[PDB]
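Read top to bottom, the protein sequences are chains A and B.
The first sequence begins at 1 in my numbering and counts up by one.
The second sequence begins at 1001 in my numbering and counts up by one.
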Amino acid sequence: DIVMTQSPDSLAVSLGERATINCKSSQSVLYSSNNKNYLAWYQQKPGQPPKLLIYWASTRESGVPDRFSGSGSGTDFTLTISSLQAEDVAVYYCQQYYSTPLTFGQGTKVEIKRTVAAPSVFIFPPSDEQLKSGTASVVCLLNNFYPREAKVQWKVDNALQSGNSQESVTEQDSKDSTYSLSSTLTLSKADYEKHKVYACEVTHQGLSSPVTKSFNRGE
Amino acid sequence: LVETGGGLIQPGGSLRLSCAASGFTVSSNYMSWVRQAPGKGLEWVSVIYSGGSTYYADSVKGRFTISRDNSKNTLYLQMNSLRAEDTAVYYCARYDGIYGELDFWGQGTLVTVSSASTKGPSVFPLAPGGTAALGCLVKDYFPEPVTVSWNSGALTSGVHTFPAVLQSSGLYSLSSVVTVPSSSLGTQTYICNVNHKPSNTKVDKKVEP
């Protein structure tokens, strides 16, 4: 069982510039009979099957841009993406096909790089019909920001919260290269009906000082 | 290759994945299965050669059996004694040659190995100058996935549909949000179209200010 290790794990480079990804196999995949390496490179977009880019190590599949190219021989390989378009945001894998079992690398995420952008922050109190079912969900939306890292602190009656919130980040937008975050505070009707001030506090590189959005229970 | 068959199944249970290979002939090609666990890398499963020989990955040998009979273009993987580690999107990979294992794909089918019963979502509204935001909270569903559209696919600008968060109760939850002009709130209608197919649930919600 040949092992494919990819380096690095994560990557982000600016538009039109150059991203490069490595792949190392534990045994040579160079077949002497034809002298064409048994290695492939794949692009996988979110929610899509992998798409083959490069077969026999350095041959572009038909319909694939001139900007992707594969290099190397035997054990050490490289995928080079010059002029990183908007459409080129995805995960890339290397795969050998010299000897079954066919084996893959763990993948390398290729992010697009852009100028800092600040989140636009919105707060929604729980809907009336959810309060009917015995629960309150307080949502906080951070819309279109960059970079991905962002600190969201829930404050209830200006008392901090820990443990009772989750979040999820949209994948890097493929048009403006930003991200978005949803943060949900989950409380029982009983525990929600106690406090007055529900505040969502946002810390981000594109904000000079923290931003708060709050509502008073009711209003 | 339209992968079909996948859904919710118990441990020790069994399923067969079908594969309508309409585009090129099944018998004219070498065919395969490759799985991808949610959030993870790719994992080769099995191979059936155009000749007829078969090989398997360590973790699926005996438990899995690949099958093919040239009917109306179809490939099959038979999965028995299913464990939770087998939870994944399963893909049909067409070869382009004998040893030629350049893989070509379709769309994939989701297999969840869980003893739990299907639960459909409840859909609550996220209520809405320059830009106002609004949305839908799609709470307490199992298993994945849910799709959310806005105005039956007419509204796509400003729409963010977040990846599902697994809650402490073990049921999934997600939100879908849209940014719209403030001035067009009490005149234009906003409905999110929530679809949770595993439980045949379809919900449409007016989002009022």
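For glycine and all other residues, C-beta sits at the position ideal for the given N, C-alpha and C.
Query                                                                                                                                                                  : Result
Mind reading off the beta-carbon distance from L1077 (chain B) to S1046 (chain B)? Whole number of angstroms is fine, and I expect it under 8 Å.                       : 6 Å
Around the C-beta of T115 (chain A), are 16 or more other C-beta atoms found within 10 angstroms, so that it is buried, or is it exposed?                              : exposed
Any Cβ of chain A within less than 8 Å of the Cβ of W1033 (chain B)?                                                                                                   : no
Examine chain A for any beta-carbon lying closer than 8 Å to the beta-carbon of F1162 (chain B), and answer yes or no.                                                 : yes
Since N216 (chain A) meets chain B, which of its residues come closer than 9 Å, beta carbon to beta carbon?                                                            : In chain order: nothing, as chain B lies at least about 15 Å away.
Buried or exposed: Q1036 (chain B), going by 16 or more other Cβ atoms within 10 Å of its Cβ?                                                                          : buried
Looking at C-beta atoms only, is the number of pairs between the region 1125-1138 of chain B and the region 149-163 of chain A that lie closer than 8 Å three or more? : no
Check distances from the C-beta atoms of the region 141-158 of chain A to those of chain B and list, in chain order, the residues that come in under 9 Å.              : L141, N143 and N144
Comparing alpha-carbon positions, which option in B:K1206, B:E1003, B:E1144 and B:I1191 lies nearest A1093 (chain B)?                                                  : B:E1003
Is the beta carbon of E1208 (chain B) sitting closer than 8 Å to the one on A1154 (chain B)?                                                                           : no
Where does the unbroken beta strand (DSSP E) through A190 (chain A) begin, and where does it stop?                                                                     : Not the beta strand (DSSP E): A190 (chain A) falls in the alpha helix (DSSP H), residues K189 to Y192.
Just the C-alpha distance for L1102 (chain B) and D1069 (chain B), rounded to the nearest angstrom, thanks.                                                            : 23 Å
Taking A40 (chain A) as the query, report the chain B residues whose CB atoms sit under 8 Å from its CB, ordered along the chain.                                      : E1101, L1102 and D1103
Relative to chain B, which residues along the region 42-62 of chain A have a C-beta separation below 7 Å, given in chain order?                                        : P49, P50, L52 and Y55
What residue does the beta strand (DSSP E) around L1075 (chain B) start on, and which one ends it?                                                                     : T1074 to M1079
So which residues on chain A does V1165 (chain B) lean against when the C-beta distance must stay under 9 Å?                                                           : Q166, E167, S168, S182 and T184
Should the region 67-83 of chain A be regarded as contacting the region 47-59 of chain A, the criterion being three or more beta carbon pairs within less than 8 Å?    : yes
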